[PDB]
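Asks: I would like to see how this sequence folds:
(2 chains, ligands or ions: 1)
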Amino acid sequence: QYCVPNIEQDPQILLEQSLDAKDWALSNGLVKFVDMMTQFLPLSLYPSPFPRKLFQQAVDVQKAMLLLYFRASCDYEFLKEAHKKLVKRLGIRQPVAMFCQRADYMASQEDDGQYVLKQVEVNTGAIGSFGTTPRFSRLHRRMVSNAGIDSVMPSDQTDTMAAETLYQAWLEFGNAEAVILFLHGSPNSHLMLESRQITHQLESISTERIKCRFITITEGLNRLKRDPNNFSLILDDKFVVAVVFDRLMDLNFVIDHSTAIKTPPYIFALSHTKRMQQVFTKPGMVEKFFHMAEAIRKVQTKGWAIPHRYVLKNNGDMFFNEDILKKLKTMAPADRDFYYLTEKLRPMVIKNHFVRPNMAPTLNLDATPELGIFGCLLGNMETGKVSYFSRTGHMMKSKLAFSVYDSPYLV
Amino acid sequence: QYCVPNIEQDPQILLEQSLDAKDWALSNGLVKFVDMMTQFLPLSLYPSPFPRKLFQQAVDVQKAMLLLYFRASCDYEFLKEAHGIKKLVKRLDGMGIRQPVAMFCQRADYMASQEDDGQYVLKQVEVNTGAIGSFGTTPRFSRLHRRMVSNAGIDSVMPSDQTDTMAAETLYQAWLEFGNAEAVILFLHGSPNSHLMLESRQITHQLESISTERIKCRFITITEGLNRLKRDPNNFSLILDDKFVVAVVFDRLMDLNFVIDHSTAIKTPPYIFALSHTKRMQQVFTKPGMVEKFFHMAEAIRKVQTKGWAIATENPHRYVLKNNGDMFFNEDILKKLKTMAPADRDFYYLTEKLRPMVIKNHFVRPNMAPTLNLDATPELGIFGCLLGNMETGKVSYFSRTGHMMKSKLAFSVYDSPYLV
Ligand SMILES: [Mg+2]
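Replies: Residues are numbered from 1 along each chain as shown, chains lettered A, B, ... in the order given. The structure is reproduced below:
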């Protein structure tokens, strides 16, 4: 069976492959801004092994997972019932929402010793790793291939996926002269290069020369206004904005209550609290929006509202072992409504090598991988109908048993 | 006709396109090590205009240009007769030849020069070999600028360059001529963070995808090479870590250097070529007969030469007093001629100063605002490689040609030609 130590154990060769991997990263956009310069993103040298069945189980449930959170997001009454500054803020001026999600998974060791797929988190909005993912995927196919080893390292085109979904959003807005807005926190934001890499894909999947305009949120106070008649969002008094691609406040809701397609609109932030994820583990709550429901139940982890088997988590800081009893007695009952109890997962431990900026590589570490599955929707929130499902994507992150980008090798 | 100002003159839009161009560079290896981190390479925002005929004239003469310097390099007595240079001769004299097969890659540089009618002619500024810059950077700038131009609606006028591939294809052919399946290719650098390092790595990314059997490329600094490289006393083959035979030593920038040079590894190129690429020699090739001797390819070469006279008094601004391997202009040329001691006379020559083509472009630099609507003078570099046997003087392989451009103010910037 594939495992990373049995590829190579000469330290001098592993060191030389570290420098090679790192120099490939520096040559292919696997970088971030620091200080302002660029630095490569920490990476595992080789792809970590991962069960084929569970990866397929995670990939297959993504369609269902988007549909559940999309439909929950179309039912504001439901979301409110499941739980204050966000509610205060929240007819609809743009029914069409673009909705991209990353579901995270851990292969978890049940008793018997066999691994089962269990979902760690769902994320939407200012999502990391659209641009980095297809590149790490290529990095690791190259390392593996260069060492002689071998469908077991599945293709990821997640930069393309994002591009194809933005293009479809632009088309649904239906204005040939309209632009796509990339809204960042700063010029050197940690999302900036992933954002730019999305546009490099958008260019090569169109004739149309779609203008993408990169603006910070500070400069947006002067350069974005809303039309008082159309309620359309305008840039520099001249350009209609078809899509606002949020890449990380009064302005934010002025944008949200306008005809531009949001990615996704603010209502989705309410449907992706950890409270809500915990609420979906209660009986009936998935079935309500729907088989896709059973597939979803298989990956859930029962979480109970208000000791080494459990974790006390906050719902939006967490306690393990005897600290759970310590915090339970200590805690005032006002705070009880902000935490929940879940079963602690026994995570799969594998061996790999870790390559970091300005340090020697760490060889033969125990690490636990975490699988992220990407998927996007284009849907209408007044009808609840979906018009577009994007291709799926997938990435991985390993931490010691601070993290590292990785990619799965399907054992 | 194409010119850069008539693309766009909104400063806010030019600024936004600067950041875009720069972020594309950071995403595609147009970077170097600094400080240790990475920084993007300064670039022109748009490709600078360049005459179609002269570019074709430069591309077409490259085959001839490699053949002349290759054949001059096969004739040690000729090179000696044409003359640090004392230190290089001393060495070559210690060495028969253990590896006849040389790999020979050249970059010839050109300026479009304004003759008196007002029309531009191609004139060669320099030839370079050995630790050559811009193998890896060139195809990427080429792609950068095709993208900027295309994204702005403008349009064979921006010719494809695969110079990373070119280098790879020539190393692969060198490895094959050595003929040992278990032999490695050595990349010799000055340091781990050398300015050539990422261009070197990018060559290997191309070498991987033009073969099935993974050729091992081993990256070593020259300091580490003192412990890890020895020569076999029987084969005279160069060995790495007592285990790996080295088929090709790819020099990317001293006793060790000539221990490597006098061994069976293919050099890139061997040290003799450093003697044939002095500026003295380039100046010697401008004298009558000296090109014709190795050869029409000769006339093509004569067209791009600039007469240079060894060691005026009416239009001294037409001339420059250059060093042959620091230079004097205008009335200083007459001043320094009389002043100068005859020891120094053998290290300088007189050439015609070229009146260079000035174009407008925008310059994008790290951590500053872009400089819009500068006058700049572009400089065209044509790449080509050989694989040849120096005992017979026969060539077995000619690589594809490549091309790059660099613009300076009328500090420099990577550019690419738009063929007006
Ligand atoms: Mg004068």
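Asks: can you list the residues of chain A near chain B?
Replies: When proximity is defined by C-beta under 8 Å from any C-beta of the partner chain, chain A lies next to chain B at A:12, A:16, A:19-20, A:23-24, A:26-29, A:31, A:34-40, A:131, A:142, A:145-148, A:187, A:192-193, A:196-197, A:199-200, A:203, A:209, A:213-214, A:236, A:358. All C-beta atoms are positioned from the backbone trio N, CA, C, and that covers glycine.
Asks: Pull out the buried residues from stretch A:13-33.
Replies: Neighbour-count burial for stretch A:13-33 flags A:14, A:16-18, A:20-33 (criterion: 16 or more other C-beta atoms under 10 Å in any protein chain shown).
Asks: I'd like to know which of the residues of chain A next to chain B are buried.
Replies: A:16, A:20, A:23-24, A:26-29, A:31, A:37-40, A:131, A:142, A:192-193, A:196-197, A:199-200, A:213-214.
Asks: Among those residues, which are located in helices?
Replies: Judged by DSSP state H, those include A:16, A:20, A:23-24, A:26, A:142, A:192-193, A:196-197, A:199-200 as members of helices.
Asks: Tell me which two of those residues sit farthest apart.
Replies: A:16 and A:199 (35.0 Å; C-beta to C-beta).
Asks: what about the closest residue in space to residue A:374 that isn't next to it in sequence, how many neighbours?
Replies: Sequence neighbours aside, residue A:393 is the residue nearest to residue A:374 in space, at 3.5 Å (criterion: C-beta to C-beta, 6 or more residues apart in numbering or on different chains). For residue A:393, the neighbour count with other C-beta atoms under 10 Å in any protein chain shown is 28.
Asks: Unless I misread the structure, residue A:172 falls within a helix.
Replies: Yes - assignment of residue A:172 by DSSP: H, G, I helix; E, B strand; the rest coil places it within a helix.
Asks: So which residues of the stretch 101-250 of chain A form strands?
Replies: A:115-124, A:179-184, A:212-216, A:224-226, A:233-235, A:239-247 (DSSP state E, counting those that start in this stretch).
Asks: any chance of those in CSV, with distance to residue A:263 too?
Replies: Listed next are the strands of the stretch 101-250 of chain A as CSV, based on distance: least, C-beta to C-beta, whole Å:
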stretch, distance to residue A:263
strand A:115-124, 9
strand A:179-184, 9
strand A:212-216, 13
strand A:224-226, 15
strand A:233-235, 13
strand A:239-247, 5
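Asks: For the residue most central in space within chain A, give me its contacts.
Replies: Against the mean C-alpha coordinate of chain A, by C-alpha atoms, centre = their mean, the closest residue is residue A:102 at 3.3 Å. Residue A:102 is in contact with A:122-124, A:127-129, A:372-374, A:395, counting by C-beta atoms under 8 Å, 6 or more residues apart in numbering or on different chains.
Asks: what do you get if the cut-off is 6 Å, keeping everything else the same?
Replies: A:123, A:127, A:372, A:374 (C-beta atoms under 6 Å, 6 or more residues apart in numbering or on different chains).
Asks: Disregarding residues adjacent in the polypeptide, which is nearest to residue A:64?
Replies: Among residues not flanking residue A:64 along the chain, residue A:292 sits closest, at 3.6 Å (C-beta to C-beta, 6+ apart).
Asks: ok, now residue A:230?
Replies: residue A:259 (6.5 Å).
Asks: pretty sure that neighbour is touching residue A:96, no?
Replies: No - judged on C-beta atoms under 6 Å, residue A:259 makes no contact with residue A:96 at a distance of 9.6 Å.
Asks: And these two? Which one has more around it.
Replies: Counted by other C-beta under 10 Å, residue A:259 and residue A:96 do not tie: residue A:96 has more neighbours, with 22 against 19.
Asks: Buried ones only from the contacts of residue A:102, please, as a ChimeraX command.
Replies: To isolate the buried subset of those in ChimeraX, counting by 16+ other C-beta under 10 Å, use the following:
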select /A:127,372,374
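Asks: nearest to chain B, of the contacts of residue A:102?
Replies: Ranked by distance to chain B (C-beta to the nearest C-beta), the contacts of residue A:102 are led by residue A:127 at 18.2 Å.
Asks: Contacts only, for the closest one.
Replies: residue A:102.
Asks: now do 8 Å
Replies: So residue A:127 contacts A:100-102, A:374 (C-beta under 8 Å, 6+ apart).
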